[PDB]
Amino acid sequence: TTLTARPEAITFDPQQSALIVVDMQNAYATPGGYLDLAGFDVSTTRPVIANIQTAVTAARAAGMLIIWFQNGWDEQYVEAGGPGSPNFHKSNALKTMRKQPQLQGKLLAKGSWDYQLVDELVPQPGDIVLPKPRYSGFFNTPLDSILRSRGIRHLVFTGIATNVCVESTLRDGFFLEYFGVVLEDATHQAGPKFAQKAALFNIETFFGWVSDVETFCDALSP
């Protein structure tokens, strides 16, 4: 399949490709979730959910593996690292709970509403649902092994946040020799709008390719 993209069109085989849905949890996409409580704007993520539903339907019907990521930790945050880990000091979820103690245990905690995939996005049999303890899906996980075991070399990225978990996973994919394509209208940034523009610029210019959901779905039709 040829897929129109920036900076140029690319070729991939859907049977040797994977659609990655990054962290489409209430924490990242739903009012009252972690990102909203931490002061990030989540008022614009509703269209992202619908676009991911469309991309997922197309990808699955074309024989692409669907991988869903859930970012987060045990309710006691052992998996987040203690003060000896930079994640303890950088995590805005941990920072939010140190500021608002009534939140403690509620954000990015396995078994919590915050941690669940949003109600609209339901993994199907044959999909893979992967937890991850840090922003990049390629550290501390079996993601690379899962992809290699299926001979997958092309990754189609969707999800939140474009500049954080999405871009980090795509960048690390590039260093592991994966060809990464981000569907720009199926992503949303954490931060001001320039963080979306800059993430896509960095991907298009240095690390991978940028397309969109409709173009992706049209390319998969045959």
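The numbering used is simple: start at 1 and walk along the sequence shown.
Higher mean CA temperature factor between 27 to 35 and 41 to 49: 41 to 49, per the PDB entry. The mean C-alpha temperature factor is higher for 101 to 109 when 101 to 109 and 77 to 85 are set side by side. Of all the options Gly151, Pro133, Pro142, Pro125, the entry's greatest CA B-factor is assigned to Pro125. Considering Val156, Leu170, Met64, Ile160 together, the PDB entry gives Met64 the largest C-alpha B factor. In the PDB entry, a CA B factor belonging to the middle third of its chain's modelled residues is recorded for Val129. When the modelled residues of the chain are ordered by their C-alpha B factor, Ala59 lands in the highest third. Placement of the Cα temperature factor of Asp212 within the chain: middle third of the modelled residues, per the deposited record.
Among the modelled residues of its chain, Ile203 has a C-alpha B-factor that falls in the lowest third according to the deposited record. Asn71: CA B factor lies in the lowest third for its chain, per the PDB record.
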